[PDB]
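Chemist: Please see the structure below; I have some questions.
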Number of protein chains: 2
Amino acid sequence: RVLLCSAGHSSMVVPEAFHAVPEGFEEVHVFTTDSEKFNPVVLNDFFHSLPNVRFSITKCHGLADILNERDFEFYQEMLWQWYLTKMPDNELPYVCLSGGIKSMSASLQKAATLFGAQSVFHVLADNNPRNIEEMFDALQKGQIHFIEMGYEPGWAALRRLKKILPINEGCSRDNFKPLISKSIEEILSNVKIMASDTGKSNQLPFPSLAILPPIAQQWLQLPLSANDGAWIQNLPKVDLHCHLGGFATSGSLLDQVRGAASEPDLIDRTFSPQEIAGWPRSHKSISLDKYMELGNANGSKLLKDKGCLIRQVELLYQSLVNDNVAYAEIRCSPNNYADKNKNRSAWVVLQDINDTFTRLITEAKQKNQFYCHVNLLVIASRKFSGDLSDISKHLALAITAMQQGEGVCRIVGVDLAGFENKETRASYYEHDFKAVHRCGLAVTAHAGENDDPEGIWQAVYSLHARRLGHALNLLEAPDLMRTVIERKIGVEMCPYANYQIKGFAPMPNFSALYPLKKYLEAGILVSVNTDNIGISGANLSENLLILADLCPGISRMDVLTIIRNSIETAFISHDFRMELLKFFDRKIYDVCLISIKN
Amino acid sequence: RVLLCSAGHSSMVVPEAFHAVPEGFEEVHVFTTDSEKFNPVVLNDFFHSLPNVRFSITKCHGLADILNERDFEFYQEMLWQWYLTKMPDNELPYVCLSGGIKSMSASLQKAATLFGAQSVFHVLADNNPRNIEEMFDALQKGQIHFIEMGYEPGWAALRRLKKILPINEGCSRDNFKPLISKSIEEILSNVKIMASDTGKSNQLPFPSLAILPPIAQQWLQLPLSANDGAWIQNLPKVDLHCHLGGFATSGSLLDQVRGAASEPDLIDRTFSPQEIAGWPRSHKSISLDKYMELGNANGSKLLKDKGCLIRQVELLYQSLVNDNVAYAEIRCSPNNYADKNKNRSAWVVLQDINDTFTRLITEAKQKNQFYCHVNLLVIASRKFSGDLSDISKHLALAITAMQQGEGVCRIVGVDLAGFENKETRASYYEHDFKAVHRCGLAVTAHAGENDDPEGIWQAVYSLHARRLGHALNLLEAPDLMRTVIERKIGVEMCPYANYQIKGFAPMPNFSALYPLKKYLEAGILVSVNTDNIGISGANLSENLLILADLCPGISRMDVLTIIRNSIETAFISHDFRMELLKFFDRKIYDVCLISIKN
Ligand SMILES: Nc1ncnc2c1ncn2[C@@H]1O[C@H](COP(=O)(O)OP(=O)(O)OP(=O)(O)O)[C@@H](O)[C@H]1O
Ligand SMILES: [Mg+2]
Ligand SMILES: [Mg+2]
């Protein structure tokens, strides 16, 4: 509860507004011009008499009184800036309007009904009290009257103007910028456009809260450029497809990963796979083989031990948060890491992963920073010949993992990734999953890179795979594209991974074109991902950069729709999805409103 | 244009406010308190010097000034009533803040923010002239300053309160109603702000309402009331479960369809369904047997004639347009309305209905009226008394209807409607249902109405149904809640039809509460429909307004979210979905702008 009062030619109004409410206030603040008439001694001593409250006095430097239009507009801009500095973070402040002449009174009333105000009230006393003792006398006999003129919600989105700038470190006339007046022209232009052009007012879908300035709107509509890296780096993102076993494979990451191991040297730390010339912008297409062997230094060869796994998890989480990713899912193979002779089963590995992830998430949240929620995916790897029954084990593991009850990070679904082939098509294992759906799990599938459209159709219609993987050649089966679109089955795409595997973006002697633009035009729910960040040497931001020249003709609104698809085709509960919706909307609004300025 | 100005002690404010418009001003009206300090003689003479300017003086009878709360809201009542009396018919008024103490200043500036003013402004004089001789030179030397804070459109449509609420110039507040309607909106807005739930609002659909005035945004967050029925006769709606045969069951409509028959000897005018007291708000639950015995007057036995069918479909289209519905899906049974005696095959009947709907669409669109797009769904009933072979027939017909292609009205899916006594849970009809999905047709389901919610699982999975019918008892299956919510499977339900067949609150002896609020909170995609309009005797608007009694506390955001879900779950092309959303957003924005009290 913060009291805001405009100080004009009367001083007792501040105490009147303070002890107006019978319960009182824990915060009182006043704003005034450069009028030398006002003496702060009385208000200062009155505040000192109740130190439990906080008193701040704001003086409009450079102007003691209003003389012209320029003076009034400068005073109004200073008042607006001071007001936006005094917004309580969660609730709204109380405001008293009994101080000043009609001019600043009307200005503060308009500012209050603009940015909101918890309660707007006037104070008036018949006796016109002068001496403090008869403030208290008037309270005892009740000649001071408090009138409330309603409670307006205010403009919800305008409040956020704050970020644009709390204070410009003592703004001066030579460099004064009426930016909140630019917010006013923004809202005025938005309303006028809505009420003027019926055709333009027709075309407002997009991700919600599209009341941005028209300059910002057509900037977003402008095709995205390769120089927008900082924008998307500041823009929160979502990663629905990331592999745990391919984070630290090149650079200095492996040294830090090996630097902490429950074991001390039973780990080949020197030998590394040979590096491929040029990365991640290799101009020569390579297909598999060289991909995983580049990451052979990581994976089953490295995270068999405990502390190295914890170090890898911590570094992956730090990399995720450092890229402003708000939410992501990690694909990890428990049986690929379990060690029986060390009494480390797959269940123990998954429990350790869950514990470290939830501990890190809770620690990040408790500090009120930007914390990245993470859910886990277990991969039923198709290792072909070796011990078919192990696949069943993985399913059981999934069914027994999410049932652990408590935790903020939870096993959310299973995966069908592995050695894709005609024989290894999704119709082969169709008899096993009839139970995994019965327990409320979610199922994805990896097909389309090499499998036929029949395999994709079977995966969609037999396993009820709520998502897909890669699937770069749906254009040859329009019926398959149709049935994917109408069922709202999201498709996870890894731009850099396919760019390495295949050839597009004026690749040398490669005339194939990426289907992302056509995919988004047709309405498929593409979610841009990273697959193996360490192997591909690129995070989400670099994928979105390369999306510019990989699919020429993509605007920033396409990126926003891709983000919405990513946060829409992720297995999460409805309430959590709603909170994520709200937070993402707020963050995108803030980031675009701050990026337009420069 | 009309100028409204208020003055207190000062009297020289009005003529200075007159020179605000350089071109001149045509009518000016002034409201002031009963204070005798204000001198009307000088203003009267100044306005008689300009005979072309209409002058009217209004005084706050019985209130010299304000010295307490009661006087303040008394003056608020007088000022708001005089204001609403002084709106011009189409043009927003001009208002100035030059005269009066903070009380009236705040009052009329809040009024301008609420009712909307073309130009709110301020006039201040450096040399504060008191007579005409001084302010001539004061304006000629530029000392008088015309402060302005820009356009204040406010709520564009907040004037029907003049008509709905009668104007009473001569009265008191001690007498009665001061703002009443204004009191209602202020208290309800405040109460909503104390109790606001983005959780049930963050879900703000149709992003254009993010530009609605702040006084309007929370207005829809209030719980719905029956008096808002007129309003829900204005929003474009969607009706998906609307059987064709049940449109005409009684009234003059049955006479009209009977009279269009080519031969009147074979028309069974004899039968007359019995009436039930309190229809449509039945006082007792009615079983399914009596339910379709009530509709036995019409149906196939009366629609066999071609002209009868044509008249029926034309009247259904006309009534559907009368309900302001924009998109609809009609469930029809072709084989039911086919007689082989006159070479009237079922495919011919379907072609006739499709061509009639296409012709109506083209005729409505040519006149640029509010046409209603309609699609069709064949009905694959349970095929009572055995003889399931016809099932295949229907499905085959649907496929051949889908591939016709050209036109506006199309066949987008099939239906599974009928008795549950056969225990038709997917596998009973799964022997041949696999091929439908390959063709790309949609498939709904009407199951679980009275039996154990177990075959619903198979209907969701084995049938791959994209929508469900009724399933009111879905609450007691959390394992089914989680799947149906995560699968985004929509559910259609008709409040009037379910209330009639099963009985619900606030009926005595019926303790069952309608699960719509819980369903919406859980995040389900729920679509309110009408089933059979003629059977229920209530269009979609009545079905929507009955929710206030059926589910207390339902907000207008809930109705808008219901409409959004109905748009989402409809079986349509993706581009058609964007176009429908594009039209719906603008229509809903206009309806909400001109919504208040109608
Ligand atoms: N689901 C979420 N995911 C990530 N962060 C969240 C989530 N929910 C809340 N937060 C955090 O709540 C905090 C609220 O911050 P606040 O409302 O004060 O806005 P801000 O400080 O101006 O900018 P910022 O959002 O960067 O903190 C955010 O920092 C955000 O990181
Ligand atoms: Mg992968
Ligand atoms: Mg039905």
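Ordering of the structure tokens sets the chain letters (A, B, ...), residue numbers begin anew at 1 in every chain, and ligands are numbered from 1 in the order given.
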Once you count only C-alpha atoms, which residues of chain B turn out to be within 8 Å of chain A? Could you give them as a ChimeraX atom specification?
Modeler: /B:67-69,72,97-98,100-103,105-107,109,122,126,145-147,151,186,189-190,193,199,202-208,210-211,214-215,218,440,461,464,466,479,482-483,485-487,522-523,571,573-575,581-583,585-586
Chemist: Can you write just those residues out, C-alpha atoms, as an mmCIF file, in the first residue's frame?
Modeler:
```cif
data_model
loop_
_atom_site.group_PDB
_atom_site.id
_atom_site.type_symbol
_atom_site.label_atom_id
_atom_site.label_comp_id
_atom_site.auth_asym_id
_atom_site.auth_seq_id
_atom_site.Cartn_x
_atom_site.Cartn_y
_atom_site.Cartn_z
ATOM 1 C CA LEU B 67 -18.600 19.726 2.270
ATOM 2 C CA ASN B 68 -18.975 15.959 2.826
ATOM 3 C CA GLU B 69 -19.294 12.644 1.000
ATOM 4 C CA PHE B 72 -20.061 14.899 -3.437
ATOM 5 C CA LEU B 97 -11.578 21.976 -17.108
ATOM 6 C CA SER B 98 -10.897 25.697 -16.625
ATOM 7 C CA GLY B 100 -14.192 24.663 -10.533
ATOM 8 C CA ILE B 101 -12.384 23.176 -7.535
ATOM 9 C CA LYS B 102 -10.909 19.669 -7.592
ATOM 10 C CA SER B 103 -14.299 18.086 -6.812
ATOM 11 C CA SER B 105 -12.876 18.783 -11.971
ATOM 12 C CA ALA B 106 -12.358 15.131 -11.054
ATOM 13 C CA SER B 107 -16.064 14.402 -11.469
ATOM 14 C CA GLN B 109 -13.038 14.379 -16.163
ATOM 15 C CA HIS B 122 -7.982 23.190 -20.275
ATOM 16 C CA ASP B 126 -1.531 34.169 -17.150
ATOM 17 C CA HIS B 145 -3.099 28.959 -22.920
ATOM 18 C CA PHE B 146 -5.149 26.121 -24.436
ATOM 19 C CA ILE B 147 -3.778 23.083 -22.632
ATOM 20 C CA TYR B 151 -8.227 12.609 -27.874
ATOM 21 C CA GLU B 186 -18.887 0.876 -10.652
ATOM 22 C CA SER B 189 -16.206 -3.509 -11.579
ATOM 23 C CA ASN B 190 -14.764 -2.972 -8.098
ATOM 24 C CA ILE B 193 -11.203 -6.422 -9.331
ATOM 25 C CA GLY B 199 -6.293 -18.209 -14.594
ATOM 26 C CA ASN B 202 -5.319 -15.139 -19.241
ATOM 27 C CA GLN B 203 -7.176 -17.372 -21.590
ATOM 28 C CA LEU B 204 -8.189 -14.127 -23.345
ATOM 29 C CA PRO B 205 -9.230 -15.213 -26.856
ATOM 30 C CA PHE B 206 -9.700 -13.062 -29.953
ATOM 31 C CA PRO B 207 -6.756 -10.739 -29.203
ATOM 32 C CA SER B 208 -8.755 -7.683 -30.310
ATOM 33 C CA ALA B 210 -6.989 -6.526 -25.597
ATOM 34 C CA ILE B 211 -7.889 -3.126 -27.114
ATOM 35 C CA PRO B 214 -10.458 -0.547 -19.477
ATOM 36 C CA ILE B 215 -14.036 -0.006 -18.300
ATOM 37 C CA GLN B 218 -13.408 -6.337 -16.716
ATOM 38 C CA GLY B 440 -9.368 -37.989 -44.643
ATOM 39 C CA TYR B 461 -8.214 -44.475 -29.598
ATOM 40 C CA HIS B 464 -9.515 -41.990 -33.453
ATOM 41 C CA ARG B 466 -11.739 -36.050 -32.905
ATOM 42 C CA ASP B 479 -7.757 -41.193 -15.968
ATOM 43 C CA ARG B 482 -6.133 -36.483 -18.255
ATOM 44 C CA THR B 483 -6.155 -38.188 -21.659
ATOM 45 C CA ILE B 485 -7.471 -32.899 -21.960
ATOM 46 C CA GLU B 486 -3.996 -33.767 -23.240
ATOM 47 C CA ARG B 487 -5.364 -35.151 -26.520
ATOM 48 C CA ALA B 522 -9.841 -28.222 -16.399
ATOM 49 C CA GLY B 523 -9.145 -26.898 -19.904
ATOM 50 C CA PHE B 571 -13.679 -29.908 -38.837
ATOM 51 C CA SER B 573 -9.632 -26.439 -43.578
ATOM 52 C CA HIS B 574 -6.818 -24.521 -41.905
ATOM 53 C CA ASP B 575 -7.030 -21.493 -44.210
ATOM 54 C CA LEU B 581 -11.212 -16.343 -36.912
ATOM 55 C CA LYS B 582 -10.455 -13.164 -38.876
ATOM 56 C CA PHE B 583 -14.160 -12.427 -39.327
ATOM 57 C CA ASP B 585 -12.546 -11.268 -34.128
ATOM 58 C CA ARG B 586 -13.852 -8.086 -35.755
#
```
Chemist: Give me, as a PDB file with C-alpha atoms, in the first residue's frame, the set of residues whose atoms come within 9 Å of any atom of ligand 2, counting only C-alpha atoms and all ligand atoms.
Modeler:
```
ATOM      1  CA  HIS A 241      13.931 -31.978 -28.591  1.00  0.00           C
ATOM      2  CA  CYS A 242      17.335 -32.000 -26.882  1.00  0.00           C
ATOM      3  CA  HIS A 243      19.612 -34.960 -26.157  1.00  0.00           C
ATOM      4  CA  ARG A 331      15.881 -36.912 -24.018  1.00  0.00           C
ATOM      5  CA  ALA A 417      13.899 -42.922 -31.501  1.00  0.00           C
ATOM      6  CA  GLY A 418      16.550 -45.362 -32.645  1.00  0.00           C
ATOM      7  CA  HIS A 446      11.043 -40.380 -35.036  1.00  0.00           C
ATOM      8  CA  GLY A 469      10.631 -36.016 -35.592  1.00  0.00           C
ATOM      9  CA  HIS A 470      12.477 -34.430 -38.521  1.00  0.00           C
ATOM     10  CA  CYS A 494      16.072 -29.544 -36.094  1.00  0.00           C
ATOM     11  CA  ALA A 497      20.941 -31.137 -37.814  1.00  0.00           C
ATOM     12  CA  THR A 530      18.322 -28.276 -31.440  1.00  0.00           C
ATOM     13  CA  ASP A 531      18.685 -32.095 -31.241  1.00  0.00           C
ATOM     14  CA  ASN A 532      22.344 -32.265 -30.159  1.00  0.00           C
TER      15      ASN A 532
END
```
Chemist: Quick check for you: according to DSSP on this backbone, which residues of range 133-191 of chain B are classed as strand (DSSP E or B)? Reply as a PyMOL selection string.
Modeler: chain B and resi 144-148+152
Chemist: Can I get the selection written as a compact mmCIF listing (two decimals), in the first residue's frame, with N, CA and C atoms?
Modeler:
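Printed below is part37.txt as written:
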```txt
# COMPACT_ATOMS: atom_id res chain seq x y z
N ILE B 144 -3.51 33.65 -22.71
CA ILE B 144 -4.39 32.51 -22.47
C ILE B 144 -3.82 31.29 -23.17
N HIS B 145 -3.69 30.20 -22.43
CA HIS B 145 -3.10 28.96 -22.92
C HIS B 145 -4.17 27.88 -23.01
N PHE B 146 -4.21 27.20 -24.16
CA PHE B 146 -5.15 26.12 -24.44
C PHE B 146 -4.46 24.77 -24.23
N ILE B 147 -4.37 24.37 -22.97
CA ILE B 147 -3.78 23.08 -22.63
C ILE B 147 -4.68 21.96 -23.13
N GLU B 148 -4.08 20.91 -23.68
CA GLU B 148 -4.85 19.75 -24.08
C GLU B 148 -3.99 18.50 -23.92
N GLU B 152 -9.78 11.75 -26.22
CA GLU B 152 -10.26 10.89 -25.15
C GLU B 152 -11.54 10.22 -25.63
```
Chemist: Kindly compile the residues surrounding ligand 1 within 7 Å, counting only C-alpha atoms and all ligand atoms, and format them as a PyMOL selection string.
Modeler: chain A and resi 89+163+326+368-373+579-580+583+587
Chemist: Point out the residue among B:419, B:104, B:63, B:26 with the least atom-to-atom distance to ligand 3, counting only C-alpha atoms and all ligand atoms.
Modeler: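 Checking each of B:419, B:104, B:63, B:26 against ligand 3, counting only C-alpha atoms and all ligand atoms, the winner is B:419.
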Chemist: Give me, please, the distance in Å between CA of residue 12 in chain A and CA of residue 75 in chain A, quoted to one decimal.
Modeler: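 Atom-to-atom, CA of residue 12 in chain A to CA of residue 75 in chain A, that is 22.8 Å.
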Chemist: Using only C-alpha atoms, which residues sit within 9 Å of residue 568 in chain B once same-chain residues fewer than 5 positions away are excluded, as a ChimeraX atom specification?
Modeler: /B:490,525,563,577
Chemist: Near range 229-233 of chain B, within 9 Å and counting only C-alpha atoms, which residues show up once chain neighbours fewer than 3 positions away are dropped, as a PyMOL selection string?
Modeler: chain B and resi 225-226+236-237+323-324+540-542+544-545+591-592+595-598
Chemist: Can those selected residues be exported to a file as a tab-separated table (two decimals), in the first residue's frame so that it contains N, CA and C atoms?
Modeler:
```
chain	number	residue	atom	x	y	z
B	225	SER	N	-25.64	-12.77	-16.50
B	225	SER	CA	-26.99	-12.62	-15.99
B	225	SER	C	-27.98	-12.78	-17.14
B	226	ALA	N	-29.22	-13.12	-16.78
B	226	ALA	CA	-30.25	-13.33	-17.79
B	226	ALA	C	-30.54	-12.06	-18.58
B	236	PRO	N	-21.66	-13.42	-33.04
B	236	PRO	CA	-21.68	-14.59	-33.93
B	236	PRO	C	-21.31	-15.84	-33.15
B	237	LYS	N	-21.98	-16.94	-33.47
B	237	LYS	CA	-21.83	-18.17	-32.71
B	237	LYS	C	-21.53	-19.33	-33.65
B	323	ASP	N	-30.52	-16.52	-36.01
B	323	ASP	CA	-29.83	-16.65	-34.74
B	323	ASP	C	-28.43	-16.05	-34.76
B	324	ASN	N	-28.06	-15.37	-35.85
B	324	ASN	CA	-26.77	-14.69	-35.98
B	324	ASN	C	-25.59	-15.65	-35.90
B	540	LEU	N	-29.94	-21.28	-30.26
B	540	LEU	CA	-28.65	-21.33	-29.58
B	540	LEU	C	-28.54	-20.26	-28.50
B	541	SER	N	-29.14	-19.08	-28.73
B	541	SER	CA	-29.04	-18.00	-27.75
B	541	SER	C	-29.71	-18.38	-26.44
B	542	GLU	N	-30.87	-19.04	-26.50
B	542	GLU	CA	-31.52	-19.50	-25.28
B	542	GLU	C	-30.67	-20.54	-24.56
B	544	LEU	N	-27.52	-20.69	-24.61
B	544	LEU	CA	-26.40	-20.00	-23.99
B	544	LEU	C	-26.84	-19.25	-22.73
B	545	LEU	N	-28.03	-18.65	-22.76
B	545	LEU	CA	-28.47	-17.85	-21.62
B	545	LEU	C	-28.90	-18.73	-20.45
B	591	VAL	N	-19.37	-6.12	-31.44
B	591	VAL	CA	-20.48	-6.47	-30.56
B	591	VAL	C	-20.17	-6.06	-29.13
B	592	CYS	N	-18.94	-6.32	-28.67
B	592	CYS	CA	-18.56	-5.92	-27.32
B	592	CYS	C	-18.51	-4.40	-27.18
B	595	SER	N	-22.07	-3.32	-26.85
B	595	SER	CA	-22.74	-4.39	-26.11
B	595	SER	C	-23.63	-3.88	-24.98
B	596	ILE	N	-23.22	-2.82	-24.28
B	596	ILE	CA	-23.80	-2.46	-22.98
B	596	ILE	C	-25.31	-2.31	-23.06
B	597	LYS	N	-26.01	-3.08	-22.22
B	597	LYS	CA	-27.46	-3.07	-22.05
B	597	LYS	C	-28.22	-3.58	-23.27
B	598	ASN	N	-27.53	-4.14	-24.26
B	598	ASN	CA	-28.19	-4.75	-25.40
B	598	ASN	C	-27.27	-5.74	-26.12
```
Chemist: Would you please work out which residue, of B:293, B:329, B:558, B:454, is nearest to ligand 3 when using only C-alpha atoms and all ligand atoms?
Modeler: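 With only C-alpha atoms and all ligand atoms as the atom set, the closest residue is B:329.
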Chemist: Find the distance between CA of residue 443 in chain B and CA of residue 431 in chain B and write it in Å to one decimal.
Modeler: 15.5 Å
Chemist: State, in Å with one decimal place, the distance from CA of residue 15 in chain A to CA of residue 71 in chain A.
Modeler: 28.7 Å
